[PDB]
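Enquirer: Supplied in structure tokens, the structure appears directly below.
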Amino acid sequence: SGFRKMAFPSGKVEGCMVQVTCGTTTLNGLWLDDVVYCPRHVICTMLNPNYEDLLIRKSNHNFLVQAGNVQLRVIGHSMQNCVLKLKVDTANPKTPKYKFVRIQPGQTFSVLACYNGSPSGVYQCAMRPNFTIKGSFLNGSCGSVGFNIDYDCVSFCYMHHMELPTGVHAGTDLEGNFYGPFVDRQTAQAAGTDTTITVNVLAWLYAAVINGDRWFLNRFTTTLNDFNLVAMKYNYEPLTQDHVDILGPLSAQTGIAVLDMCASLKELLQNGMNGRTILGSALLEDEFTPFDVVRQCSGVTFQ
Amino acid sequence: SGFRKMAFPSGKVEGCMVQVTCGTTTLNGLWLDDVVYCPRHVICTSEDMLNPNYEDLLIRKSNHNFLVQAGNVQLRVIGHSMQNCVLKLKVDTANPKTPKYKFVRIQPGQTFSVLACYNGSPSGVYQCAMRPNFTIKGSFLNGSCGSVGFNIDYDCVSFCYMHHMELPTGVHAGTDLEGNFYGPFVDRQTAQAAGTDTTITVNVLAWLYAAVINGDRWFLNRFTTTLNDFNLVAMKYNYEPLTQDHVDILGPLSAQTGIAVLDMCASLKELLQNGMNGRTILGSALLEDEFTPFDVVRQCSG
Ligand SMILES: *C(=N)[C@H](C[C@H]1CC(C)(C)NC1=O)NC(=O)[C@@H]1[C@@H]2CC[C@@H](CC2(F)F)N1C(=O)[C@@H](CC1CCC1)NC(=O)C(F)(F)F
Ligand SMILES: *C(=N)[C@H](C[C@H]1CC(C)(C)NC1=O)NC(=O)[C@@H]1[C@@H]2CC[C@@H](CC2(F)F)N1C(=O)[C@@H](CC1CCC1)NC(=O)C(F)(F)F
Ligand SMILES: [Cl-]
């Protein structure tokens with residue numbers, strides 16, 4: 001038993017991480033097959049950069065790419081949105097089975113924080129409703145990646161590009177499209193007002209009941225419309241029928257209907273915790289998806 | 001900036017995990033060079049779990065009784081030895097993925113990364129602290145035993161924990177990689193209980209320093225304290241004593257923030273007296289004790 005914030009095993013991604021140096025800027029790149037993916041702001045020397053014009057002036061030899069103590073030869077460069085693609089002479093022999101996916105707000109992934117192309121640590125993040133992540137990133141962290149594992153397949157969903165003034169983080173998918181209304185430029189930008197990921201809070205309350213924490217359960221049920229009136233008032237994301245459907249398994253297992261669990265959450269929002277905890281937390285946690293709870297409580301493995 | 005419960009990258013440990021089967025019992029083993037380390041209770045039967053004579057059970061075992069699997073490859077056991085509560089299975093093939101490694105016995109308050117495994121395959125990685133009562137707050141299901149706790153210094157894996165048991169309060173106990181249990185626990189089904197747990201005071205102070213480095217000062221105050229006056233208050237909230245060693249260890253974080261250790265001790269004293277009053281620190285409504293001074297410096301300073 002027990003319940004922890006659990007990251008995916010990072011080994012398949014560790015063997016893809018390289019160092020990319022251009023001018024004075026060093027950051028990380030992702031080496032898959034014969035291409036290194038990294039943030040395009042590596043070329044910058046910043047208020048209003050013309051990325052296409054700056055890239056035309058670059059040659060292949062301007063990009064120093066190192067896999068450990070081995071220099072890779074760049075034989076081509078191209079920009080895809082906010083991501084630079086450096087074609088190299090060698091295919092990565094450690095390339096895992098992979099694909100590029102775009103995640104939706106409320107989805108979780110594992111971040112492999114890297115410095116100088118060397119993996120430093122791994123942690124679990126949720127894409128916030130305001131399209132930021134609450135990461136942990138120092139100088140040289142950019143090009144660190146976020147992923148999920150399904151069977152033997154790494155799904156890359158995030159590359160790290162920037163920190164906003166409130167100390168939260170923003171980046172792109174591996175096709176270089178920003179999550180949220182951000183640009184890779186030194187100009188005034190702010191994270192929007194954030195909201196709580198309601199479906200994830202319910203999943204975590206189900207996790208609490210599976211681990212024998214039940215003091216918040218009650219006799220009452222609510223309706224989706226009445227719950228959503230309360231959700232709106234407390235800066236919670238609307239609960240949809242899709243969310244109710246996805247919580248179906250945990251509803252069946254615990255014998256607590258989703259709208260019955262919604263009646264518990266409604267009371268917690270109105271009345272607070274009353275000095276009590278849930279799974280060692282004095283607040284409602286929203287960075288576990290229904291699937292995160294099932295895979296941790298079932299012991300799904302990755303080979 | 002930012003502050004997260006951060007594990008070490010698990011790849012160097014993933015390449016060491018194997019499956020070990022004896023009879024109907026399957027658990028995990030750690031394959032380093034030509035030795036597989038696993039919990040000795042793999043040799044136990046359901047009849048004899050209250051009072052197993054491990055020496056007597058092991059002499060009865062043949063090498064072919066031990067089914068060891070690395071992916072889709074059976075390893076041949078050519079020798080076995082028991083060191084304390086750990087079984088060392090000598091195999092014919094050395095692990096080509098063996099990293100640079102050390103075995104270290106850690107002290108209470110020390111943190112490490114757990115690679116939770118089933119059937120020799122990794123499920124996930126998370127951070128744990130060795131609690132003052134010599135338990136860890138893990139996440140472990142049937143077949144999790146032989147999962148290891150580790151830290152990585154540069155390219156070198158320090159193995160500090162092997163998972164052996166769950167206590168009736170749902171917390172976890174295990175051994176170092178020489179097979180010595182942390183705490184008074186034994187690998188037997190006989191009634192055992194964790195002692196009363198206490199909060200790792202030096203770790204709470206490290207975390208308050210992390211909060212200041214991340215630009216939060218709301219909990220600070222104008223007061224100082226003596227070490228003995230701090231300890232008399234902390235004890236009443238079931239906090240571990242703060243020693244001069246702990247004050248010395250917090251020296252670097254004190255230098256960076258310009259907050260004297262005994263000044264930060266006065267802030268924690270007030271937080272214990274008042275609570276947080278609808279505020280959070282680093283996204284938490286409680287005082288977090290599972291970050292060491294060392295964890296804070298590597299995450300906040302590089
Ligand atoms: C990648 N290495 C860095 C981000 C890391 C470094 C640190 C410590 C600030 N936190 C990180 O996550 N990426 C950047 O620094 C990016 C690049 C280069 C400069 C600028 C624009 C960019 F996207 F091209 N940038 C930022 O992160 C700036 C963005 C400003 C928009 C309003 C903030 N961030 C900052 O300057 C700061 F200090 F607010 F975080
Ligand atoms: C390793 N696979 C398991 C422990 C995992 C399985 C689960 C779900 C209980 N949680 C885990 O972390 N190890 C054991 O089961 C050990 C072995 C075999 C039986 C017994 C003694 C042992 F150490 F040799 N054991 C236990 O974990 C028992 C210990 C009892 C003494 C007081 C409890 N635990 C339990 O029976 C229980 F239910 F409390 F967790
Ligand atoms: Cl230690």
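FYI, nothing fancy with the structure tokens labels: chains A, B, ... in order, residues from 1 per chain, ligands from 1 as they appear.
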At a cut-off of 7 Å, can you tabulate as CSV every residue of chain A near ligand 1 together with its closest atom pair and the distance in Å to one decimal, using only C-alpha atoms and all ligand atoms and ordering rows by chain then number?
Expert:
```
residue,atom,partner,partner_atom_place_in_ligand_line,distance
A:27,CA,ligand 1,2 (N),6.3
A:41,CA,ligand 1,24 (F),4.7
A:46,CA,ligand 1,24 (F),6.6
A:137,CA,ligand 1,12 (O),4.5
A:138,CA,ligand 1,8 (C),4.0
A:139,CA,ligand 1,6 (C),4.2
A:140,CA,ligand 1,2 (N),4.2
A:141,CA,ligand 1,2 (N),4.5
A:142,CA,ligand 1,1 (C),3.7
A:160,CA,ligand 1,1 (C),6.9
A:161,CA,ligand 1,13 (N),5.0
A:162,CA,ligand 1,27 (O),3.4
A:163,CA,ligand 1,27 (O),4.0
A:164,CA,ligand 1,33 (C),4.5
A:165,CA,ligand 1,39 (F),4.0
A:167,CA,ligand 1,40 (F),6.5
A:169,CA,ligand 1,12 (O),6.0
A:183,CA,ligand 1,23 (F),6.7
A:184,CA,ligand 1,23 (F),3.5
A:185,CA,ligand 1,21 (C),4.1
A:186,CA,ligand 1,21 (C),4.5
A:187,CA,ligand 1,31 (C),5.2
A:188,CA,ligand 1,32 (C),4.9
A:189,CA,ligand 1,32 (C),4.6
A:190,CA,ligand 1,32 (C),6.8
```
Enquirer: When you get a sec, could you note down which chain A residues fall within 8 Å of chain B, using only C-alpha atoms, as a ChimeraX atom specification?
Expert: /A:1-12,14,112,119-123,134-138,163,167-168,281-283,296-303
Enquirer: May I have the selected residues written with N, CA, C and O atoms, as a compact mmCIF listing (two decimals), in the first residue's frame?
Expert:
```txt
# COMPACT_ATOMS: atom_id res chain seq x y z
N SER A 1 0.84 -1.23 0.00
CA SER A 1 0.00 0.00 0.00
C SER A 1 0.87 1.27 0.00
O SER A 1 2.12 1.15 -0.07
N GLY A 2 0.24 2.44 0.10
CA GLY A 2 0.90 3.75 0.02
C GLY A 2 0.60 4.41 -1.31
O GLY A 2 0.14 3.72 -2.22
N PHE A 3 0.86 5.71 -1.40
CA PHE A 3 0.57 6.55 -2.58
C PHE A 3 1.62 7.67 -2.64
O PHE A 3 1.78 8.40 -1.67
N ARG A 4 2.37 7.72 -3.73
CA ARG A 4 3.46 8.70 -3.92
C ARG A 4 3.26 9.36 -5.29
O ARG A 4 2.71 8.72 -6.18
N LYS A 5 3.71 10.60 -5.42
CA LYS A 5 3.91 11.29 -6.70
C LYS A 5 5.02 10.54 -7.44
O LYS A 5 6.19 10.65 -7.06
N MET A 6 4.65 9.78 -8.45
CA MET A 6 5.54 8.80 -9.11
C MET A 6 5.79 9.23 -10.56
O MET A 6 4.83 9.44 -11.29
N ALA A 7 7.06 9.35 -10.94
CA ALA A 7 7.51 9.61 -12.32
C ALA A 7 7.66 8.27 -13.04
O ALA A 7 7.82 7.22 -12.37
N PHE A 8 7.65 8.31 -14.37
CA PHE A 8 8.02 7.16 -15.23
C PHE A 8 9.52 6.89 -15.11
O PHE A 8 10.30 7.82 -14.90
N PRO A 9 9.94 5.61 -15.23
CA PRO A 9 11.37 5.28 -15.28
C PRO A 9 11.96 5.99 -16.51
O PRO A 9 11.35 5.92 -17.56
N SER A 10 13.09 6.68 -16.32
CA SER A 10 13.62 7.71 -17.24
C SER A 10 14.70 7.15 -18.18
O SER A 10 15.16 7.91 -19.05
N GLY A 11 15.04 5.87 -18.06
CA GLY A 11 16.22 5.26 -18.72
C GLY A 11 16.18 5.37 -20.23
O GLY A 11 17.24 5.68 -20.83
N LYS A 12 15.02 5.18 -20.85
CA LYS A 12 14.89 5.23 -22.34
C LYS A 12 15.15 6.65 -22.87
O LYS A 12 15.59 6.78 -24.02
N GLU A 14 17.10 9.05 -21.04
CA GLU A 14 18.48 9.43 -20.62
C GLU A 14 19.46 9.26 -21.79
O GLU A 14 20.28 10.17 -22.00
N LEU A 112 12.42 15.08 -17.34
CA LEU A 112 13.83 14.73 -17.09
C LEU A 112 14.62 16.03 -17.17
O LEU A 112 14.87 16.48 -18.32
N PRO A 119 21.44 14.07 -17.69
CA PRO A 119 20.26 14.00 -16.81
C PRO A 119 20.61 14.20 -15.33
O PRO A 119 21.53 13.59 -14.86
N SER A 120 19.84 15.05 -14.65
CA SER A 120 20.09 15.51 -13.26
C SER A 120 18.98 15.00 -12.32
O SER A 120 19.28 14.62 -11.17
N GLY A 121 17.73 15.03 -12.76
CA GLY A 121 16.61 14.51 -11.94
C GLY A 121 15.34 14.33 -12.73
O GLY A 121 15.24 14.87 -13.83
N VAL A 122 14.37 13.61 -12.16
CA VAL A 122 13.07 13.31 -12.83
C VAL A 122 11.95 13.60 -11.83
O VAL A 122 12.11 13.29 -10.63
N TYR A 123 10.88 14.24 -12.30
CA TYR A 123 9.69 14.52 -11.47
C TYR A 123 8.45 14.57 -12.35
O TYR A 123 8.54 14.82 -13.55
N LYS A 134 4.39 23.74 -13.21
CA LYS A 134 5.11 24.08 -11.96
C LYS A 134 6.34 23.19 -11.90
O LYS A 134 6.30 22.14 -11.25
N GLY A 135 7.38 23.60 -12.61
CA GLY A 135 8.61 22.81 -12.76
C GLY A 135 9.65 23.22 -11.75
O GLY A 135 9.34 24.04 -10.84
N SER A 136 10.85 22.69 -11.93
CA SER A 136 12.06 23.04 -11.16
C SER A 136 13.22 23.06 -12.14
O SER A 136 13.61 21.97 -12.60
N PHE A 137 13.66 24.25 -12.52
CA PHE A 137 14.60 24.46 -13.65
C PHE A 137 15.58 25.59 -13.30
O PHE A 137 15.10 26.69 -12.94
N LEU A 138 16.87 25.32 -13.43
CA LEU A 138 17.95 26.34 -13.28
C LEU A 138 18.51 26.72 -14.66
O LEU A 138 18.00 26.23 -15.68
N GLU A 163 10.96 30.37 -18.34
CA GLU A 163 10.36 30.66 -17.02
C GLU A 163 9.64 32.01 -17.10
O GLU A 163 10.23 32.97 -17.63
N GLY A 167 7.65 32.50 -11.67
CA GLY A 167 8.50 31.32 -11.38
C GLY A 167 7.89 30.02 -11.86
O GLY A 167 8.40 28.95 -11.47
N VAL A 168 6.85 30.07 -12.70
CA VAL A 168 6.27 28.89 -13.40
C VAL A 168 6.87 28.84 -14.81
O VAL A 168 7.60 29.78 -15.20
N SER A 281 -1.70 15.19 2.91
CA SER A 281 -1.82 16.56 2.34
C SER A 281 -2.90 17.33 3.10
O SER A 281 -3.95 16.73 3.43
N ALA A 282 -2.65 18.61 3.39
CA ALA A 282 -3.64 19.54 4.00
C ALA A 282 -4.33 20.38 2.91
O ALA A 282 -5.07 21.31 3.26
N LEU A 283 -4.12 20.06 1.62
CA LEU A 283 -4.87 20.68 0.51
C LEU A 283 -5.29 19.61 -0.50
O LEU A 283 -4.83 18.47 -0.39
N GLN A 296 -0.64 3.30 -10.64
CA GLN A 296 0.11 3.19 -9.36
C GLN A 296 -0.52 2.12 -8.46
O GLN A 296 0.26 1.34 -7.86
N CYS A 297 -1.86 2.08 -8.38
CA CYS A 297 -2.63 1.14 -7.52
C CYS A 297 -2.70 -0.29 -8.13
O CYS A 297 -2.99 -1.22 -7.36
N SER A 298 -2.42 -0.47 -9.42
CA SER A 298 -2.38 -1.79 -10.12
C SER A 298 -0.95 -2.31 -10.31
O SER A 298 -0.80 -3.53 -10.49
N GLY A 299 0.05 -1.42 -10.29
CA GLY A 299 1.47 -1.78 -10.47
C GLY A 299 1.82 -2.08 -11.91
O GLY A 299 2.58 -3.02 -12.14
N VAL A 300 1.30 -1.29 -12.87
CA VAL A 300 1.65 -1.38 -14.32
C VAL A 300 3.16 -1.15 -14.44
O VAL A 300 3.68 -0.26 -13.75
N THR A 301 3.85 -1.96 -15.25
CA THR A 301 5.32 -1.87 -15.47
C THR A 301 5.61 -1.52 -16.93
O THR A 301 4.68 -1.62 -17.76
N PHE A 302 6.86 -1.14 -17.19
CA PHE A 302 7.36 -0.57 -18.47
C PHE A 302 8.65 -1.30 -18.86
O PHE A 302 9.63 -1.22 -18.08
N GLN A 303 8.64 -1.98 -20.01
CA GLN A 303 9.78 -2.80 -20.52
C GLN A 303 10.12 -2.32 -21.94
O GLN A 303 9.52 -2.71 -22.94
```
Enquirer: I need the residue nearest ligand 3 from this list: B:69, B:19, B:189, B:111. Use only C-alpha atoms and all ligand atoms for the distance.
Expert: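 Comparing B:69, B:19, B:189, B:111 against ligand 3, the winner is B:111.
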Enquirer: Each residue of chain B lying at most 8 Å from ligand 3 should get a row with its shortest atom-to-atom pair and the distance in Å to one decimal, counting only C-alpha atoms and all ligand atoms; could you produce that, ordered by chain and increasing number, as CSV?
Expert:
```
residue,atom,partner,partner_atom_place_in_ligand_line,distance
B:105,CA,ligand 3,1 (Cl),6.9
B:106,CA,ligand 3,1 (Cl),3.6
B:107,CA,ligand 3,1 (Cl),4.1
B:108,CA,ligand 3,1 (Cl),7.0
B:109,CA,ligand 3,1 (Cl),7.5
B:110,CA,ligand 3,1 (Cl),5.1
```
Enquirer: I'd like a table as JSON lines: residues in chain B with an atom no more than 9 Å from ligand 2, each row giving the shortest atom pair and its distance in Å to one decimal, only C-alpha atoms and all ligand atoms counted, sorted by chain and rising residue number.
Expert:
```
{"residue": "B:25", "atom": "CA", "partner": "ligand 2", "partner_atom_place_in_ligand_line": "2 (N)", "distance": 8.9}
{"residue": "B:26", "atom": "CA", "partner": "ligand 2", "partner_atom_place_in_ligand_line": "2 (N)", "distance": 8.2}
{"residue": "B:27", "atom": "CA", "partner": "ligand 2", "partner_atom_place_in_ligand_line": "2 (N)", "distance": 6.3}
{"residue": "B:28", "atom": "CA", "partner": "ligand 2", "partner_atom_place_in_ligand_line": "2 (N)", "distance": 8.5}
{"residue": "B:39", "atom": "CA", "partner": "ligand 2", "partner_atom_place_in_ligand_line": "24 (F)", "distance": 8.1}
{"residue": "B:40", "atom": "CA", "partner": "ligand 2", "partner_atom_place_in_ligand_line": "24 (F)", "distance": 7.8}
{"residue": "B:41", "atom": "CA", "partner": "ligand 2", "partner_atom_place_in_ligand_line": "24 (F)", "distance": 4.8}
{"residue": "B:42", "atom": "CA", "partner": "ligand 2", "partner_atom_place_in_ligand_line": "18 (C)", "distance": 8.0}
{"residue": "B:44", "atom": "CA", "partner": "ligand 2", "partner_atom_place_in_ligand_line": "24 (F)", "distance": 7.8}
{"residue": "B:46", "atom": "CA", "partner": "ligand 2", "partner_atom_place_in_ligand_line": "19 (C)", "distance": 8.5}
{"residue": "B:49", "atom": "CA", "partner": "ligand 2", "partner_atom_place_in_ligand_line": "19 (C)", "distance": 6.3}
{"residue": "B:50", "atom": "CA", "partner": "ligand 2", "partner_atom_place_in_ligand_line": "21 (C)", "distance": 7.7}
{"residue": "B:52", "atom": "CA", "partner": "ligand 2", "partner_atom_place_in_ligand_line": "24 (F)", "distance": 8.7}
{"residue": "B:138", "atom": "CA", "partner": "ligand 2", "partner_atom_place_in_ligand_line": "12 (O)", "distance": 7.6}
{"residue": "B:139", "atom": "CA", "partner": "ligand 2", "partner_atom_place_in_ligand_line": "12 (O)", "distance": 7.4}
{"residue": "B:140", "atom": "CA", "partner": "ligand 2", "partner_atom_place_in_ligand_line": "12 (O)", "distance": 4.6}
{"residue": "B:141", "atom": "CA", "partner": "ligand 2", "partner_atom_place_in_ligand_line": "8 (C)", "distance": 4.2}
{"residue": "B:142", "atom": "CA", "partner": "ligand 2", "partner_atom_place_in_ligand_line": "6 (C)", "distance": 4.1}
{"residue": "B:143", "atom": "CA", "partner": "ligand 2", "partner_atom_place_in_ligand_line": "2 (N)", "distance": 4.2}
{"residue": "B:144", "atom": "CA", "partner": "ligand 2", "partner_atom_place_in_ligand_line": "2 (N)", "distance": 4.6}
{"residue": "B:145", "atom": "CA", "partner": "ligand 2", "partner_atom_place_in_ligand_line": "1 (C)", "distance": 3.6}
{"residue": "B:146", "atom": "CA", "partner": "ligand 2", "partner_atom_place_in_ligand_line": "1 (C)", "distance": 7.4}
{"residue": "B:147", "atom": "CA", "partner": "ligand 2", "partner_atom_place_in_ligand_line": "1 (C)", "distance": 8.8}
{"residue": "B:163", "atom": "CA", "partner": "ligand 2", "partner_atom_place_in_ligand_line": "1 (C)", "distance": 6.9}
{"residue": "B:164", "atom": "CA", "partner": "ligand 2", "partner_atom_place_in_ligand_line": "13 (N)", "distance": 5.0}
{"residue": "B:165", "atom": "CA", "partner": "ligand 2", "partner_atom_place_in_ligand_line": "27 (O)", "distance": 3.4}
{"residue": "B:166", "atom": "CA", "partner": "ligand 2", "partner_atom_place_in_ligand_line": "27 (O)", "distance": 4.0}
{"residue": "B:167", "atom": "CA", "partner": "ligand 2", "partner_atom_place_in_ligand_line": "39 (F)", "distance": 4.3}
{"residue": "B:168", "atom": "CA", "partner": "ligand 2", "partner_atom_place_in_ligand_line": "39 (F)", "distance": 3.8}
{"residue": "B:169", "atom": "CA", "partner": "ligand 2", "partner_atom_place_in_ligand_line": "39 (F)", "distance": 7.2}
{"residue": "B:170", "atom": "CA", "partner": "ligand 2", "partner_atom_place_in_ligand_line": "40 (F)", "distance": 6.5}
{"residue": "B:171", "atom": "CA", "partner": "ligand 2", "partner_atom_place_in_ligand_line": "12 (O)", "distance": 7.8}
{"residue": "B:172", "atom": "CA", "partner": "ligand 2", "partner_atom_place_in_ligand_line": "12 (O)", "distance": 5.9}
{"residue": "B:173", "atom": "CA", "partner": "ligand 2", "partner_atom_place_in_ligand_line": "12 (O)", "distance": 7.9}
{"residue": "B:174", "atom": "CA", "partner": "ligand 2", "partner_atom_place_in_ligand_line": "23 (F)", "distance": 8.2}
{"residue": "B:185", "atom": "CA", "partner": "ligand 2", "partner_atom_place_in_ligand_line": "31 (C)", "distance": 8.3}
{"residue": "B:186", "atom": "CA", "partner": "ligand 2", "partner_atom_place_in_ligand_line": "23 (F)", "distance": 6.6}
{"residue": "B:187", "atom": "CA", "partner": "ligand 2", "partner_atom_place_in_ligand_line": "23 (F)", "distance": 3.5}
{"residue": "B:188", "atom": "CA", "partner": "ligand 2", "partner_atom_place_in_ligand_line": "21 (C)", "distance": 4.1}
{"residue": "B:189", "atom": "CA", "partner": "ligand 2", "partner_atom_place_in_ligand_line": "31 (C)", "distance": 4.3}
{"residue": "B:190", "atom": "CA", "partner": "ligand 2", "partner_atom_place_in_ligand_line": "31 (C)", "distance": 5.2}
{"residue": "B:191", "atom": "CA", "partner": "ligand 2", "partner_atom_place_in_ligand_line": "32 (C)", "distance": 4.6}
{"residue": "B:192", "atom": "CA", "partner": "ligand 2", "partner_atom_place_in_ligand_line": "32 (C)", "distance": 4.3}
{"residue": "B:193", "atom": "CA", "partner": "ligand 2", "partner_atom_place_in_ligand_line": "32 (C)", "distance": 6.5}
```
Enquirer: Could you find all residues in segment 15-169 of chain A that DSSP calls helix (DSSP H, G or I) from the backbone, and write them as JSON, numbers by chain?
Expert: {"A": [40, 41, 42, 43, 51, 52, 53, 54, 55, 56, 60, 61, 62]}
Enquirer: The selected residues should be written to file as a compact mmCIF listing (two decimals), in the first residue's frame (atoms: N, CA and C atoms).
Expert:
```
# COMPACT_ATOMS: atom_id res chain seq x y z
N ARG A 40 14.87 26.78 -30.39
CA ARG A 40 15.42 27.67 -31.45
C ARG A 40 16.10 28.89 -30.80
N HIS A 41 15.76 29.28 -29.56
CA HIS A 41 16.38 30.46 -28.90
C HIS A 41 17.88 30.23 -28.64
N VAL A 42 18.42 29.03 -28.86
CA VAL A 42 19.89 28.73 -28.79
C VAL A 42 20.65 29.62 -29.79
N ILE A 43 20.04 29.98 -30.93
CA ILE A 43 20.72 30.78 -32.00
C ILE A 43 20.83 32.26 -31.59
N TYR A 51 13.88 34.89 -36.29
CA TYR A 51 14.50 33.55 -36.14
C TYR A 51 14.93 33.00 -37.51
N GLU A 52 14.08 33.15 -38.53
CA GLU A 52 14.33 32.66 -39.91
C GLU A 52 15.57 33.35 -40.49
N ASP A 53 15.70 34.67 -40.27
CA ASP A 53 16.84 35.48 -40.78
C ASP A 53 18.12 35.12 -40.01
N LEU A 54 18.02 34.94 -38.68
CA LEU A 54 19.17 34.57 -37.82
C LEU A 54 19.68 33.18 -38.21
N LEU A 55 18.78 32.24 -38.50
CA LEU A 55 19.13 30.84 -38.87
C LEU A 55 19.85 30.80 -40.23
N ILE A 56 19.43 31.61 -41.21
CA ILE A 56 20.03 31.66 -42.58
C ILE A 56 21.54 31.96 -42.46
N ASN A 60 26.32 24.83 -40.38
CA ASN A 60 26.33 23.53 -39.64
C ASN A 60 27.41 23.52 -38.55
N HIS A 61 28.60 24.05 -38.84
CA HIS A 61 29.77 24.01 -37.92
C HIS A 61 29.59 24.96 -36.72
N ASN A 62 28.66 25.93 -36.77
CA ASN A 62 28.34 26.82 -35.61
C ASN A 62 27.74 26.02 -34.44
```
Enquirer: Could you list, as a ChimeraX atom specification, every residue within 10 Å of segment 260-273 of chain A, counting only C-alpha atoms and ignoring same-chain residues fewer than 5 positions away?
Expert: /A:198-199,201-203,205-206,215-224,226-228,230-231,233-234,236,239,251,255,278,282-284
Enquirer: So which bits of segment 3-197 of chain A end up strand (DSSP E or B) when you DSSP the backbone, as JSON, numbers by chain?
Expert: {"A": [7, 17, 18, 19, 20, 21, 22, 25, 26, 27, 28, 29, 30, 31, 32, 35, 36, 37, 38, 39, 64, 65, 66, 67, 70, 71, 72, 74, 75, 76, 77, 78, 79, 80, 83, 84, 85, 86, 87, 88, 98, 99, 100, 108, 109, 110, 111, 112, 113, 114, 115, 118, 119, 120, 121, 122, 123, 124, 125, 126, 133, 145, 146, 147, 148, 149, 150, 153, 154, 155, 156, 157, 158, 159, 160, 161, 162, 163, 169, 170, 171, 172, 178, 196]}
Enquirer: Near residue 102 of chain B, counting only C-alpha atoms, which residues have an atom at most 12 Å away, once you skip same-chain residues fewer than 3 positions from it, shown as a PyMOL selection string?
Expert: chain B and resi 32+98-99+105+150-153+155-161+176-178
Enquirer: So which residues touch segment 98-110 of chain A within 7 Å, counting only C-alpha atoms, skipping near sequence neighbours fewer than 4 positions away, as a list in words?
Expert: residues 7, 8, 122, 123, 124, 125, 126, 127, 128, 129, 131, 146, 147, 148, 153, 154, 155, 156, 157, 173, 174, 197, 287 and 289 of chain A
